[PDB]
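Observations on the three-dimensional arrangement
Residues per chain, in single letters:
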Protein chains: 2
Amino acid sequence: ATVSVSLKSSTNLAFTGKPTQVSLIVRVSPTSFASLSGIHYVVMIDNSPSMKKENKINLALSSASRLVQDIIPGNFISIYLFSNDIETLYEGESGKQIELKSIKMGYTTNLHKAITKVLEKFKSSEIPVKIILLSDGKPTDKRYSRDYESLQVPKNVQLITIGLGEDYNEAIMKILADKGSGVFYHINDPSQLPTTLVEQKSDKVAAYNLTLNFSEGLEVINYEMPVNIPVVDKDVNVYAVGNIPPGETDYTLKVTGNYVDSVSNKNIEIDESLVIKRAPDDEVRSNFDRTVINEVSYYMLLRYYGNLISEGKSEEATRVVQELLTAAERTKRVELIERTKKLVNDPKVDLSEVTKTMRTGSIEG
Amino acid sequence: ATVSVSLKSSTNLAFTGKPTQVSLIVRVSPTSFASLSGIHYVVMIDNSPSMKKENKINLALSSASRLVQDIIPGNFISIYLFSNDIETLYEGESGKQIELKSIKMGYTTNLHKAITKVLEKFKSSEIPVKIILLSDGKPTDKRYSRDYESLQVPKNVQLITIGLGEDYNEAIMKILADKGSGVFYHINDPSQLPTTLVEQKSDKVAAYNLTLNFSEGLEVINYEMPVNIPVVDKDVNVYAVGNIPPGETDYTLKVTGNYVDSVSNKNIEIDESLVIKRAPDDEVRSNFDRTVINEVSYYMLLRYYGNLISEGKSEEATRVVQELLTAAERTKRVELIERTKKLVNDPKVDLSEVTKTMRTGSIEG
Ligand SMILES: [Cl-]
Ligand SMILES: [Cl-]
Ligand SMILES: [Cl-]
Ligand SMILES: [Cl-]
Ligand code: NA
Ligand code: NA
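Okay, so let's go over this structure. (Residues numbered from 1 in each chain as written, not as in the entry; some residues may be left out. Chains lettered and ligands numbered in written order. Heavy atoms only, no water. Residues with missing side-chain atoms left out of burial classes, pairs and counts.)

In this section: the overall build of chain A. The number of helices and strands found in chain A is 10 helices and 17 strands. Judged by the C-alpha coordinates and their principal axes, chain A covers about 70 × 50 × 35 Å. Within chain A, contacts between residues at least 6 apart in sequence are counted, and of these 71% link residues at least 24 apart. (Helix = DSSP H or I, 4+ residues; strand = E, 2+ residues; numbered from the N terminus. Contact = heavy atoms within 4.5 Å.)

Let us now look at the coordination of the sodium ion (ligand 6). Each protein donor to the sodium ion (ligand 6) is listed here as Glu166 of chain B (OE), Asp346 of chain B (OD) and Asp346 of chain B (OD); together their distances run 2.4 to 2.9 Å. With a gap of 180 residues between them, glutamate 166 of chain B in the loop between strand 9 (157–164) and helix 4 (170–179) and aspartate 346 of chain B in the loop between helix 9 (334–340) and helix 10 (347–358) connect regions that are remote in the sequence. (Donors = N, O, S within 2.8 Å, 3.2 Å for Na, K, Ca; no water.)

Now for the environment of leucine 134 of chain B. All names here are of chain B. By the element assignment, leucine 134 lies in strand 8 (residues 129–135). For the pair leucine 134 and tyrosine 148, spaced 14 residues apart in sequence, the C-alpha separation works out to 16 Å. When sequence neighbours within four positions are dropped, the list of residues in contact with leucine 134 reads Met44, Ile45, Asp46, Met51, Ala60, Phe82, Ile162, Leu164 and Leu193.

Turning our attention to the environment of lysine 104 of chain B. Residue and element names in this part refer to chain B. Mapped onto the secondary structure, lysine 104 falls in the loop between strand 7 (86–93) and helix 3 (111–121). A relative accessible area of 84% places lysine 104 in the exposed class. As for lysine 104 and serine 48, which are separated by 56 residues in sequence, their C-alpha atoms are 9.6 Å apart. (Buried < 20%, exposed > 50% of the residue type's maximum accessible area, 1.4 Å probe, protein only.)

Okay, the side chain of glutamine 158 of chain B next. Residues and elements named next belong to chain B. Along the chain, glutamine 158 turns up in strand 9. Residue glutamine 158 is classed as buried on the basis of its relative accessible area of 2%. In this structure the side chain of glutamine 158 is engaged in a polar contact, spanning 3.0 Å, whose partner is the backbone oxygen of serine 181. (Polar contact = N/O pair within 3.5 Å; in protein donor to acceptor, adjacent residues only side chain to side chain.)

All names here are of chain B. With 21 residues, helix 7 (residues 290–310) extends 30 Å between its outermost C-alpha atoms, agreeing within 8% with the 30 Å of an ideal straight helix rising 1.5 Å per residue. Helix 7 sits mainly inside the fold: 16 of its 21 residues count as buried. Taken from the residues just after helix 7, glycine 312 is the one with a positive phi, measuring 75°. (Expected span 1.5 Å × (residues − 1).)

Bringing the coordination of the sodium ion (ligand 5) into the picture now. Ligation of the sodium ion (ligand 5) by protein atoms is provided by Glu166 of chain A (OE), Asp346 of chain A (OD) and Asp346 of chain A (OD), these donors lying 2.4 to 2.9 Å from the ion. Overall, the relative accessible area of 43% leaves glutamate 166 of chain A in the partly exposed class.

So, on to the pattern of salt bridges. Residue and element names in this part refer to chain A. What the rule picks out here adds up to 40 salt bridges over all chains. For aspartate 136, the salt bridge goes to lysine 56, with nearest N and O atoms at 2.8 Å. One end of the pair, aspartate 136, is in the loop between strand 8 (129–135) and strand 9 (157–164); the other, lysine 56, is in helix 2 (residues 56–70), with 80 residues separating them in the sequence. Exposure remark for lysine 56: the relative accessible area of 13% places this residue in the buried category. Salt-bridge contacts for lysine 277 lead to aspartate 250; the nearest nitrogen and oxygen are separated by 2.7 Å. With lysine 277 in strand 17 (residues 267–278) and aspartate 250 in the loop between strand 15 (236–244) and strand 16 (251–261), this pair connects stretches of sequence that are 27 residues apart. Members of the salt-bridge network, linked through shared partners, are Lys130, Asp233, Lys234 and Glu364. (Salt bridge = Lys/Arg side-chain N within 4 Å of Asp/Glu carboxyl O.)

Of the residues lining the interface, 35 residues belong to chain B; the matching set on chain A comes to 35 residues. Interface area, chain B with chain A, both sides summed: about 2700 Å², of which 48% is carbon and sulfur. Counting across the interface, chain B meets chain A through zero salt bridges. Inspection of the region where chain B meets chain A yields 14 residue pairs in polar contact. (Buried area = accessible area lost by both parts, 1.4 Å probe.)

All right, on to helix 10 of chain B then. Residues and elements named next belong to chain B. The end-to-end C-alpha separation of helix 10 is 16 Å, in line with the 16 Å expected for 12 residues at 1.5 Å each. A large share of helix 10 lies buried, amounting to 10 of its 12 residues. Buried residues of helix 10: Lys348, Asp350, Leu351, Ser352, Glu353, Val354, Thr355, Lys356, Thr357 and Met358, and no others. Elements that come into contact with the buried residues of helix 10 comprise helix 4, strand 10 (184–187), strand 15 (236–244), helix 7 and helix 9. A side-chain oxygen of the first residue of helix 10 lies 2.9 Å from the backbone nitrogen of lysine 348; this N-cap is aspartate 346.

So, in structure tokens, the structure goes:
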């Protein structure tokens, strides 16, 4: 096995006369690694007129060419430009030296059309796919984040977004990252673009096409459900909150799924469970692990905060930031405290940091 | 307005140092009606060799012809047969006298292919659609209910299933009904088929294309989310359980959406909300409305029961039946007690009754 999937629950017991709240932390920990093989990267680059400004398009294309070069052989990569429609600059093996040159295209930024078309290419595909989408401006087709809530991201596709400068729609870049279980990188300055893009490569991986299905009544907070991640190259941390029905029957919480072992190439089953038993009320109350509840609450608060910021509710958002700080300190977790302090009420920065904190396993550095 | 949307919560308050459970009942009550207009019925009829037996196909087709006749003018209806593939017998206006004759087709029952193809016809469509699917046998393409969990039912499509006899896969007929916010009718005997099919018509309706979106952290138990129902002709009852994050900020639960008023044809916004405030723990505890919690718990238990039955876990299922009885009596609700007593541990009967009890607003009589 190349990963270990662990379950940590706030309770082993449930009330008998009313529903019981449960907080769950699931971690997928890579335990051994192999060279990346058989996956497909897609880089989608805005080719609107704004990107022509100040060599942005050139910075983006030279960086895309580097990524093509640097991804180890044995994988596949497509490079698309989009404006009015999508155009293919390269589709072929990784590890090649190629010159990507810009081409003339139409006006407009039909982002929804572009991402829809690319997602459709991978419907029902077994190939692990990472899509990286870069833009410096607002879409002109579907202009609001709510327009993207219906997007259907196929199994085994991840979507990562990079927003450049101050003029793009961060709510849209966030929801895309959320729907695709990726990260939304805000980068104020084009000087950071090459590193952000080239760092998206992975040389070593533990698992492909990981799926985690949760039993009924359990709601994952930080990833779309079912949890599906095409490439596991570092810890994947999943936080959920749920509700257990009353009565006297034992109730089994289940996390089930599968993944492809990167060393053997075998498809391995995931089956982790916890049996919740029943007890008198005072015994149930005394058994709750408040440290688990507090850690999960942080992510509930963070989700709320992300939504406030995306909705422009700035004062309430700052109040919640104060609470996130309190909640993070309550956990005594250090990564988390530092991450929380990066929330500076700049909505581009904040929504990007929300995705990074929610899905650390999706970050590439 | 032709409907009234009401919210009933188990709490007005939330704890400040930990998450709070909330049970919510949302009802959409029709308040005035108009003649059904502008919708599209689809009847899909299994045309495998088993259906040729004992005039089943003939009973089904004569009944489909009656439904074509009886649906009032101003609507549209498609009649498909499926086995190896789908074939169209009729596509046209309602209110017509047509003879539907069987035709020779291939062997096999490619149910997943058939439903996929029909659903695709209505991707991105604004037309309210009711699909009624009849079968007397097991699919031969995708043979397990888990194979249907990924089905994408478009907005404004409802899927109703009718299982005939003892040889079809009830778990599949159930999941299809669940994914399409419909009802799964088990009918042991072909003599009941004509009534079950013809009764699917509605003469009078209050709303079309109703959508209910729930704010973060709220999980609807008895319908797929977002809740979307193409035709409202009787009360729609929605039960949800959720979890509120800690802290001191007011937290607004929201049910938002829209529908088309059947009298004016205008598209009307739904916006219902409840502000949850904070209080000391003892005050929060004292404020919970246990009658709301108990009623929602019934549906949590019923969902669990449905899953046990679909998984063949028969002893545990009978234990849960006993608890459902207790839970239903705890509510003192009469419809509910009688419905619970119809659960007889025959899995075809039981899974059908689960869908009927979950979605009474989807039942047609
Ligand atoms: Cl080369
Ligand atoms: Cl207490
Ligand atoms: Cl006629
Ligand atoms: Cl107490
Ligand atoms: Na900014
Ligand atoms: Na039976």
